[PDB]
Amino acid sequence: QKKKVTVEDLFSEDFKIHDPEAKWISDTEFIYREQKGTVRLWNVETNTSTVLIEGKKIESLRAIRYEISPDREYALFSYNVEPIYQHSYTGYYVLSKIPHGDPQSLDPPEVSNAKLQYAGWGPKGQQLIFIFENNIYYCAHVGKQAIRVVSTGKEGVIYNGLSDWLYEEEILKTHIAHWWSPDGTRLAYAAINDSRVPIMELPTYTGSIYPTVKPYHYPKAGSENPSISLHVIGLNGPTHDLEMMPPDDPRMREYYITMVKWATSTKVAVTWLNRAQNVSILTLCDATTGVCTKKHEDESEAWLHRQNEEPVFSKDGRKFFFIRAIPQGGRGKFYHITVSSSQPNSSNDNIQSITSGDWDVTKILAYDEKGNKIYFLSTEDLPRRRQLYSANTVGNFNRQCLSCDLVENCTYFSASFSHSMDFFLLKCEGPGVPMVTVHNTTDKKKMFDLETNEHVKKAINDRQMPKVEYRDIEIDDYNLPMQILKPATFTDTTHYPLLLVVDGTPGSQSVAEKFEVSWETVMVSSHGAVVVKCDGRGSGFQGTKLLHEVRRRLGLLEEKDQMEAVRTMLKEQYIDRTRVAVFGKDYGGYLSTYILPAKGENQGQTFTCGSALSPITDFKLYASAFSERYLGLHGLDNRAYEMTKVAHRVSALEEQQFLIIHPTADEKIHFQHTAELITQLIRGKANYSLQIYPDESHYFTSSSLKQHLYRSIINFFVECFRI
């Protein structure tokens, strides 16, 4: 009847969602970040959305990033930013006054127009720091000249203020590794030493006539990890730099610092996780002593999970709210909020959780000390959803679900409260087209809409959007969610081809009510096929027990859980056994290539064709922090790294078409994996096909490229599908 979703549509200015990136500045107003060019400043109390910056950003060579100072008198702009790893704000930095006019290059002292690794504003006034060649420079006053506060930096070897590869990609999940005290007087920063970490060479084939390798420190499983230390310096006066000394538990001689936050302007909280990732230690250090005191500690049989977890302290640095796994009677433990006094005394804990049940809390948003309110997101509704809740810090702990069925057509949520909990920004993300709204904490009434994305709502309604469907299945005391997407003009007579899209990274979640549109949408819409996603054991958001089911068995269970979801889908009559395919990327590529068998024996050849994008195929060749977490430390050969090798599985492979896609200069999952895999396919005399992306990184931060990628992928399955 009307237009099917096509790839062009995917990259259409029509289907582009616009995130206002709203951010509170006070307890009465939020930034009202770019509406579609200009940057405003809404004032919820008395609708006064002033103008802070305008389409003069386009002027500054389309500054990719920008940040208004605290005193709201300047703005920090970055342009010609080039991406490094996951997230890497690293380009040219310019400063300008709030209304408009007169930009200025932010360069270190004595150096000309040079790229910076990071800029960003301080907490108070217009203080700011910027990192150049791994050294931290500071400027209190905008006119003041920069001062090199820390100078032990050494490009690619000694990082301070920013993460090294492993810290950004695996252990800290951010490139930023420094933290200002609340009063902007002291600055805490991690100092990472990759000096003794092995160096991986990345192959190049396109640069000059004689391409050369790009080296960088990357620790494979078992090798030496980056050595880290936490430091703090004064931002006024001689600045005495002090290192925050770590605990002692002999079960913490090799560790990662996974979390650091200021409890007050004198004390800073730190979580110390040991390399084996089975022992954790929360700590309060004196930013003037360097003495850290144990404030709690956890240990697990498998591996500690969710360790970047930031605690919420009471303005007086007194008691605080953390969140961890608590037994929850039977059926593993779940993540819930917990309370402890500021000065936990050696004997026992102040232990006592605020929430409980067989559901996980996923994010503490705020603590209203003036009474008993603690806002957060949870899976209490359905693990596939995200609702905003609130509980009483006192007596009862009654949970009131603020979102739940408010602003309908969407059940996935994110939100932030004003600097007084009064109001809060609330964003959808699904199931319906995403949007941003504003409410007053108490009332819960939509004070107004910030972004509705009508463009998108229109365009979507002009297309045969796929039809969603959730069908919890189950193995053992576990129920595995699994959403199935149907062609939208789905009947029951016709038989459709099955496309299993598997991720399966332990801890992640593939079945959720978020709003997404990718090449999968195109496959369902434009080429009419049903896609199936399922979250087996190892999945997150369903308690420790489920999660840890894959310990030292990476890729074994998930093969069964996935095959079981395929089988139950094969039983239906609106799907024909002959056209079954599988796809997966990253850890998903591993599972993807792991799942190309034949169930039973007489009933062989379950899949027709499969594909893996940047597949990991040997955890011996993968990042320490990841492999060791699920298979335990290597060295003395934990011999879990042997049976998990996907090589053992390709031995089968009889008639399936195998398409491997892999960007050549992949810094996360080295092309080395794909290379080793193909070697096996060759010895095993199997048939494969490779598509390469010469000198390309792991992420695909190019609409142009991402597009080509998708097209390639759809062109593969769509082929081994039509008959």
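Quick note: we count residues from 1 along the sequence shown, nothing fancier.
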Hey, which bit's got the bigger mean C-alpha B factor in the entry, 107-115 or 228-236? 107-115
Averaging C-alpha B-factors over each stretch, which comes out higher, 71-79 or 343-351? 343-351
For the C-alpha B-factor as written in the entry, point me to the maximum among 170, 535, 477, 164. 477
Say you rank 254, 316, 194, 586 by Cα B-factor from the PDB entry; which sits at the top? 316
Assert third(CA B-factor, residue 683) within chain per record equals middle
Could you look up the Cα B-factor of residue 721 in the entry and say which third of the chain it sits in: lowest, middle or highest? highest
Quick check for you: using the entry's CA B-factors within this chain, is residue 295 in the lowest, middle or highest third? middle
Residue 54: which third of its chain by C-alpha temperature factor? highest
Considering every modelled residue of the chain and its Cα B-factor in the PDB entry, is residue 45 in the lowest, middle or highest third? highest
